[PDB]
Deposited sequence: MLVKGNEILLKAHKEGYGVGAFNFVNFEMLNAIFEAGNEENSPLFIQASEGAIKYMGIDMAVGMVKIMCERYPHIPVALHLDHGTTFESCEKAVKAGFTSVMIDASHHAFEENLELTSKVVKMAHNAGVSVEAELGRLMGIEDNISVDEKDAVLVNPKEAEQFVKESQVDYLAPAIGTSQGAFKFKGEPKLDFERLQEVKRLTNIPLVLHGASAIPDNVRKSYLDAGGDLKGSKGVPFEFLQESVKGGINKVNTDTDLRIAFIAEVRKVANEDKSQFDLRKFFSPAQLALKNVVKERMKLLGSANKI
């Protein structure tokens, strides 16, 4: 059941748990994500960045997801455009079959962000698609978020509270503005989204370095911070970097330990398993396990 994103996140919002939003760029990532949701009895947010869409072609992005949905028809799945940069990108996703779209205009001033988001909302809602937007870069102004949500009719909001994409989130100590998060939640009363929510667990780090990799003083969000975010009102947790490190760690490993290995399945089967286990543990941490 491919469903509009709001169907999944309104439930998480009402019941106070978080739904991981897991990026993919090919079949091995998608397969591992679905198997995780199947084994944890967890709803799924599947995300594709504009770059991943260009890599796969939007027809294959939607095509593979729809195939996976028929394979696991009992799992609620939303297919979400991650960090859409233009109205036209969001519209193309809508037409291709995406059930959720994010328009990121947090770099514009409030008035232009609200205007562009409202335009996307009008377009997507007319097609039965949910919309995500972003406020803050500079942390979110809770009073701006209140008006933004009322004016735009956006389904969920990503408030900046101290996170950032990538493996290098903090060059000092991890800190998130939970008081700010709670204020936004109180004033907006909608599902909230956490961007840059990869944690880089110790076991995933160990596997990557044990394979000769280098994470350049990386630092992710601690598990207790993710747990505190969900308590504060986060319901969608964007997760990408964790999946990639776990995956490539195993590819590096196979390459190192057998120089005559060129069967793709021998590289990517252990890579899928490692990615899947990250997703499974994240679903348990966030509280979406056993929610189907």
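| query | Since the structure holds only modelled residues, which stretches of the deposited sequence does it leave out? | reply | Missing C-alpha atoms (numbering from 1) occur across the range 138-152 alone.
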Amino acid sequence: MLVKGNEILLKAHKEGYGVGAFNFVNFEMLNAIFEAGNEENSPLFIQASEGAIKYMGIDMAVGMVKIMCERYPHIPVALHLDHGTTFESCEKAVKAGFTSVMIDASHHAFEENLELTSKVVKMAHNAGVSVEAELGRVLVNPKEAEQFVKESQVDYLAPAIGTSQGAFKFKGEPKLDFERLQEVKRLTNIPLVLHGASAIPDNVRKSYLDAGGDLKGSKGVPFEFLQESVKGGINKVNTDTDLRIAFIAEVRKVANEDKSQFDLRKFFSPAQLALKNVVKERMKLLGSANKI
From here on, numbers count along this sequence of modelled residues.
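| Mean C-alpha B-factor comparison - 101-109 and 83-91, higher one | The stretch with the larger average C-alpha B-factor is 101-109.
| message | I need to verify one thing: averaged over C-alpha atoms only, is the B-factor higher for 114-122 or for 167-175? | response | Taking the mean B-factor of the alpha carbons in each, 167-175 is higher.
| task | Have a look at 184, 190, 204, 133 and flag the one whose Cα has the highest B-factor in the entry. | result | It is 204.
| message | So if I compare the CA B-factors in the entry for 63, 51, 37, 232, which one is the largest? | response | Max CA B-factor in the entry, restricted to 63, 51, 37, 232: 232.
| residue 227 - Cα temperature factor, lowest/middle/highest third of chain | Middle third of the chain for residue 227's C-alpha B-factor.
| Split the chain's modelled residues into thirds by Cα B-factor; is residue 241 in the lowest, middle or highest one? | Tercile = middle for this residue's CA B-factor.
| request: Classify residue 56 as lowest, middle or highest third according to the C-alpha B-factor given in the PDB entry, relative to its own chain. | output: Answer is lowest: the recorded C-alpha B-factor places it there.
| task | Compare the C-alpha B factor of residue 67 with those of the other modelled residues in its chain, then answer lowest, middle or highest third. | result | Ranked within chain, residue 67 CA B lands in the lowest tercile.
| query | Split the chain's modelled residues into thirds by Cα B-factor; is residue 197 in the lowest, middle or highest one? | reply | Answer is highest: the recorded C-alpha B-factor places it there.
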